[PDB]
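Chemist: experimental structure and sequence below.
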Amino acid sequence: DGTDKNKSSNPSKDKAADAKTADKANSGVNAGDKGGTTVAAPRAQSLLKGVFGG
Amino acid sequence: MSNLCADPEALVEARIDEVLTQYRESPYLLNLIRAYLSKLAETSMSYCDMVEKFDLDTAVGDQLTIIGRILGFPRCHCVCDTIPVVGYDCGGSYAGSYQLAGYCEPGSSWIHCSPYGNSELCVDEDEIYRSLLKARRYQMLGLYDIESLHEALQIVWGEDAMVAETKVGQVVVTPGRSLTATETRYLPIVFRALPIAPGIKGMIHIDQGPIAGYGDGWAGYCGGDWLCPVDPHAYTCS
Amino acid sequence: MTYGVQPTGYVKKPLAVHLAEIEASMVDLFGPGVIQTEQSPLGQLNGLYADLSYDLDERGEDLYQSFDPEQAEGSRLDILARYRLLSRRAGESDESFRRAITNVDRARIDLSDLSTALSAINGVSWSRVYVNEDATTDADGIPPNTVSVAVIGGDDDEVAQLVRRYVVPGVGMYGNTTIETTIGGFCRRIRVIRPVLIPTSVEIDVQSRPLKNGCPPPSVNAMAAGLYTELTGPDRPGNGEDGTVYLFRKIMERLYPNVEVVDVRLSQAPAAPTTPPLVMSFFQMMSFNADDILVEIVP
Amino acid sequence: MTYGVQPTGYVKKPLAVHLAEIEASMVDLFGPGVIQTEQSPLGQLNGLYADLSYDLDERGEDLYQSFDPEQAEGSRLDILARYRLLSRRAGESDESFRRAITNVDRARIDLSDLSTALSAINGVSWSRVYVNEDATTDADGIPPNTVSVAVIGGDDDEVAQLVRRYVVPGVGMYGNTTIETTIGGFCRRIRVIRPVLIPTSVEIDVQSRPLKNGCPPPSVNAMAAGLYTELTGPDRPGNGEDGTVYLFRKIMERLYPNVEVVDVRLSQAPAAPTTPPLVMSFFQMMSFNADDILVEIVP
Amino acid sequence: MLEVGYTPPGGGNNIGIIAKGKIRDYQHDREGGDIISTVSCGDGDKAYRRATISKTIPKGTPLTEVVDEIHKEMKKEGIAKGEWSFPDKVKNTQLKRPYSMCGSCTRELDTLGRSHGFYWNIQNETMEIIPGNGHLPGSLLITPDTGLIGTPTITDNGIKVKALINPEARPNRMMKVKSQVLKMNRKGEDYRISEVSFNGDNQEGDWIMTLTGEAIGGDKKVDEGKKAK
Amino acid sequence: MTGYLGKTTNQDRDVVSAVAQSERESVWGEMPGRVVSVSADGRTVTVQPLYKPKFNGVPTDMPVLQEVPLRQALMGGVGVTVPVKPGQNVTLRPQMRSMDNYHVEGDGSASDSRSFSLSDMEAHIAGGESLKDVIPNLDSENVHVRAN
Amino acid sequence: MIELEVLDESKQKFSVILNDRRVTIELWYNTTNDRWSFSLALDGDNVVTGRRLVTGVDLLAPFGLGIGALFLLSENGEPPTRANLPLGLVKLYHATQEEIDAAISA
Amino acid sequence: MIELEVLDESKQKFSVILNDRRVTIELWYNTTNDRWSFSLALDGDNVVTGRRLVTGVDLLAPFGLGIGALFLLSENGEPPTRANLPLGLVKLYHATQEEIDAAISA
């Protein structure tokens, strides 16, 4: 909870002292519902051939 | 990948670096923390032996059994065979109705063992079960051609093994060497693991020696012998 | 290092061993005069960290058993099967799906790939695979060097497209139903068996054999329902399986060991039950009805 | 449990939870008044624990993932590929190698795939593949459980390699020509068919019939050249095909809808034209020349 | 699509969809000289109007295949499938007599709800179903250290909590609420989410959301409140 | 109909016609039904009507209607009868108000105060069968009375 | 198909309607192995947990979830890294089964 | 099972939903003997009154209320005192009949 004055505060990215510890302590950022950007038809067909054709 | 893990003393000191300045030189507190954390780091190192203990070329024991049950070839199989039984032949010789074992035989089984009580010959030597799994990889993929059955036989038996004839529905193989008793007893299980197309019958050369004839790859007067295919009785008593 | 991954499995370091190691570390740090009793400030810390170390051992065992089909469960059980590219059936249990991956006997490890892929088809209620690999026709009627398949359900197109890729060219098929298949223009005619169901009427005369005058045999209905379940299960009698006294006794005693089967009686319905055997051809199967089975206790 | 290895996979524990659990455990040991703040020695111990245990948690996740070919990366990916018989090609990246580990767990040896490969070899102008699967010898002379390959042109060594790569041991090979190629010093006697091209003389008599739109009937030489091209094309009559009224009427009618065929006459050069039942053995093939085709309209 | 969130000078992006819009009605407005374009949008609003089904349905059929059936027609109108969690009484029920469907989908959707006491709703072109006393998985924390404004206001059943709009808050989920007042209010921490309100501005009116939740009991069930026949 | 224009600025008109629409749903009317059993006194039938209203997007079934007053075309007993058997098709009609104890007592008023209840159906001969299932030999010129 | 944006956050979560199902995806970075991992929940139920993001394969194939293919791509086949995945040097894509079929047939 | 919080008050009263029942539990400290007593009301009727809180036993077994079990626990069986019960050195737990059955079967 973090309200207990006898315990440490919760690790969070904002109060971490390093980039590495910020990554380790990142509680998670949750965007809302997302819509993916569509891929143009020729590029999409090319990428799909590259992946799922062999 | 590469080295998954590092020495525990490296991880523990990497964490000790994060101690406060006011404790940087507290040998009792620092050593207490080291005692408590080095044990956890050492406990977790033991996992970095779950990496190549499952390598098919070097696995042993339960790690090889697990690979076998992934590949669908168990260590033991029903057969038409009087498996040797560990025990005493009343010294010189006793009549009895069993055959006895002497501290070095693949047919390790007691009277009370469950696989034995229902005729399941169980492969105990790792160097033979490993070969059987390597061959099973070919049944897996359906690699029934000669160009693959030959590598199946090289792994099971040796460099001198070869595939001889392709009649109508019947294919002959030879180890190319005298077989030891362990290999002879496990032979019925070898023909359950080899990549031979269903509906086609596997044979075996009588003398397990290289076959003779003409052309480039065979054996001549010295070393070769005349062909004679015989039924290994891999699935039947008859 | 006897612990961890060992030829016999993952060997766990006991909690007591963990705690002893921690205490040995603390004796060297503080001296022989240190107090570590289970109720002291230091003893409590040693307990907490020993528990944490043993919990790490637990995770190690979990990670080792996650690669063992006999212990793997769920999506990782599916990922393990993806090595042979097997697939689970709908509603299938972990026990069932692990038996397929392990190929428990199967009596012939070969053609198990075909046996399991067949069972993975949608609609296939029952399936069975047979082989005649000699240079002579067997008594069952299968020509030499032939693969026979018996299947109930599933569309013929899917069944045949599946069987074609498991049965190699040059090996025939024996059956009563023909399916024409085409890949790349080449047409192979796949023959399978769609067993003809012969309704069988069954009447059993049993005796009661209480094991040390204890739990007595169950009621007649409680036995006929069980026998029907056994005969309708996946271990139902196969094609070309004649109905014999042995076949039914081996089921009745197994289900109810406190009962002796005296007289089995069978017939092709609606005809009257009579003396076995009831001969079923290789294309015929016995089909049972929950009413036709009757059991009678005899003095 | 909620963390560690679970049916859905590896549920990794957050660092905040790693710290909160140890703080709660210390409260259980020393009462809720124990001082665990960041500055105290116990807070020092809790923070360093949380850190190390999160690291060990992450290494556990990596070890869990490295049992799956679709997630392993490198030498351990090689360990998992060796269960499916793939060796990392020198300099092949893990992406290309992991793609390569996606394979049929079943033979790709269908005769359609054989014939397609035959057609692809240089010099192979014509090819056909036949199979006898039944237990009886068919009328074309192919023994049971055999695959016959008829081919024209192409080098013999490469085609023999091709045939033996696709026909499994225990399946026969019917043909007239013998070839001997060596792989691994293993010379085999590969039997193929090199069809015997016997020239054929053809005479077709047709009745012109004006279409429903008003087209003119085609010229004699156009008829005789359109038939030559079809008969020398990839859809040509094969070996053992008896030049027949059916064959030639079907070709002529399909090419020239506004024309009816009266009769067909067939023979062998120089032998004079006779009835259209040109008999062919399975080894012979019908050959043709442009000038040896005679068409003529019947009033 | 109406995407809302926070974009701090450091940090990153917190922007997500809080309402996906099919335009309802728009109208410009002068105040001085300005032009304010007052949009109203549509939520499943193609399904509330143009979704009509065609169903003969026989006896014996289970009690969920036809939620799939109705979703077929509601999907012709571009609606997605959310989480469906039926009551246990519902999951196991079968049929004696056949099941008319002619007319309007939403109309007899409502009679569905009134007839087996369950909730169904459309949340940004995705349709969810829950029981009256139940909720769906997914929890969200609200504390003075996690975006709490004032009271975790107490109510008969649960709470009504204000906070900074921060996109996850969906109906039919769980919110764990902490403060310095709820403790002396003895009110729990986990609440279902039933009502969601978003009011905000770009310059002055901060992003504010208000969530009404009905408390979960010790039984993992929602405090429904007395339904009056 | 619901939402003529959109999401949540729902017109006061919408959320009022929606109430009217729901209350218009709630009323019962005719529906075809299958006879389950026929009382020995010959005036009440156990009916499993062939309609399910819409439940959980799916078939649920409203239960077998009990002691449904069968209604032959008689006045004072003087009239025509049809032998009602388990499996035939009737048409049901609810009343404006229930008549519990106008049947339990013949003095004529039911329990609380309603309208249009499911528990108020009379079963009637004409209106129940399906057009798919054909009744053969419909005499189309002469008054025909049947016993089969 | 569609591209799914990745934030520059060592742990992030979002939701998307894939084949008209609400799929919630959670990505988290594992520093010890320097790799991204994803958990997937179908409409509130966690179905995939702790899978590694790897380029050039279908990540959802083993599970038969019925939500299409979720795959990662990069120009020269690099592996996804803490820096390289958010920068868009490696792109996360979702492809529908019909689109995959059409490409395979084309 | 669920843990029930105890405030640092001599007398207190909360309400909890157990086995789909609204239950009002009122705790009060008896100083003369240094103990805690509880009264329990189901749907407004005080069915239990003036019962001592004791560790290690089901306090509701005699009454057959159908709301499961309420019981106190501690690390080493220390009795619940004025200071001990609010601090959580002794804890109050509720478990259902189903959970009790499953645990016994374990």
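Modeler: Perfect, I can see it now. Residues are numbered from 1 along each chain as shown, chains lettered A, B, ... in the order given.

Chemist: do you know how far residue E:190 is from residue E:210?
Modeler: As judged by Cβ to Cβ, to the nearest Å, residue E:190 and residue E:210 stand 18 Å apart. Quick note: C-beta positions are derived from backbone N, CA and C, even for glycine.

Chemist: then residue G:21?
Modeler: Between residue G:21 and residue E:210 the computed distance is 29 Å (Cβ to Cβ).

Chemist: same check on residue B:131?
Modeler: Applying Cβ to Cβ to residue B:131 and residue E:210 gives a distance of 71 Å.

Chemist: list the contacts of whichever residue of chain G sits closest to chain A.
Modeler: Across chain G, the shortest distance to chain A (Cβ to the nearest Cβ) belongs to residue G:2, at 2.9 Å. For residue G:2, the contacting residues are A:35, A:36, A:37, A:38, A:39, G:93, G:94, by Cβ atoms under 8 Å, 6 or more residues apart in numbering or on different chains.

Chemist: what's the burial count for the residue in chain B positioned nearest to chain D?
Modeler: Proximity of chain B to chain D (Cβ to the nearest Cβ) peaks at residue B:217, 2.5 Å away. Counted by other Cβ atoms under 10 Å in any protein chain shown, the residues lying close to residue B:217 total 13.

Chemist: which helix or strand contains it?
Modeler: For residue B:217, there is no host helix or strand (DSSP states H and E).

Chemist: what do you get for residue C:251?
Modeler: Judged by DSSP H and E, residue C:251 forms part of helix C:245-255.

Chemist: who touches that helix?
Modeler: Contact partners of helix C:245-255, identified using Cβ under 8 Å, 6+ apart, comprise C:202, C:204, C:206, C:223, C:226-227, C:230-231, C:237, C:241, C:259-261, C:263-264, C:276.

Chemist: can I get the buried part of those as one PyMOL selection?
Modeler: Selection of buried members from the contacts of helix C:245-255 for PyMOL, criterion 16 or more other Cβ atoms under 10 Å in any protein chain shown:
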select buried, chain C and resi 202+204+206+223+226+227+230+231+237+241+259+260+261+264+276
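
Chemist: which two among the contacts of residue G:2 are spaced furthest apart?
Modeler: Using Cβ to Cβ, the two most remote members of the contacts of residue G:2 are A:35 and G:93, lying 13.9 Å apart.

Chemist: looking at the two, which one has more neighbours?
Modeler: Taking other Cβ under 10 Å, residue A:35 and residue G:93 do not tie; residue G:93 has more neighbours (20 against 14).

Chemist: who's in contact with that one?
Modeler: By Cβ under 8 Å, 6+ apart, residue G:93 lies in contact with A:39, A:47, G:1, G:2, G:3, G:4, G:70, G:71, G:72, G:73.

Chemist: who's in contact with stretch E:5-19?
Modeler: A:29-35, E:1-4, E:41, E:43, E:124, E:164-168, E:198, E:207, F:7, G:7-9, G:14.

Chemist: and for stretch A:28-35?
Modeler: With Cβ under 8 Å, 6+ apart as the test, stretch A:28-35 has contacts from E:1, E:3-5, E:12-18, E:20, E:124, E:167-168, G:2, G:4-5, G:7, G:9, G:11-17, G:26, G:28.

Chemist: make it 6 Å
Modeler: Residues outside stretch A:28-35 that contact it (Cβ atoms under 6 Å, 6 or more residues apart in numbering or on different chains) are E:16, E:17, E:167, E:168, G:9, G:11, G:12, G:13, G:14, G:15, G:16.

Chemist: nearest to residue F:70, of those?
Modeler: Nearest to residue F:70 among the contacts of stretch A:28-35, with distances taken as Cβ to Cβ, is residue G:15, at 57.5 Å.

Chemist: I'd say that closest one and residue G:26 touch.
Modeler: No - using Cβ atoms under 6 Å, residue G:15 is not in contact with residue G:26; the gap is 10.0 Å.

Chemist: those two: who's more crowded?
Modeler: More neighbours surround residue G:15 than the other of residue G:15 and residue G:26, with 25 against 19 (other Cβ under 10 Å).

Chemist: report the buried residues of the helix or strand containing residue B:12.
Modeler: Per DSSP H and E: residue B:12 is located in helix B:8-16. Within helix B:8-16, the residues scored as buried using 16+ other Cβ under 10 Å are B:8, B:11, B:12, B:15, B:16.

Chemist: ok, now stretch E:198-217?
Modeler: Neighbour-count burial for stretch E:198-217, counted by 16+ other Cβ under 10 Å, picks out E:198, E:207, E:209, E:210, E:211, E:212, E:213, E:214, E:215, E:216, E:217.

Chemist: on that earlier part again, what about the helix holding residue B:12, distance to the chain center?
Modeler: 40 Å (Cα atoms, centre = their mean, to the nearest Å).

Chemist: check whether that helix contacts chain A.
Modeler: No - using Cβ under 6 Å from any Cβ of the partner chain, helix B:8-16 never reaches chain A; the gap is at least 11.1 Å.

Chemist: how about the helix ranked longest in chain A, does it reach chain G?
Modeler: In chain A, taking DSSP state H as the definition, the longest helix is helix A:41-52. Yes - between helix A:41-52 and chain G, judged by Cβ under 6 Å from any Cβ, the touching residues are A:44, A:45, A:48, A:49, A:51, A:52.

Chemist: how about the contacts made by the closest residue in space to the fourth one that isn't next to it in sequence?
Modeler: Using Cβ to Cβ, 6 or more residues apart in numbering or on different chains and skipping the chain neighbours, the partner closest in space to residue A:49 is residue G:103 (5.5 Å). Counting by Cβ under 6 Å, 6+ apart, residue G:103 makes contact with A:45, A:48, A:49.

Chemist: which of those residues sits closest to residue D:57?
Modeler: Ranked by distance to residue D:57 (Cβ to Cβ), the contacts of residue G:103 are led by residue A:48 at 36.7 Å.
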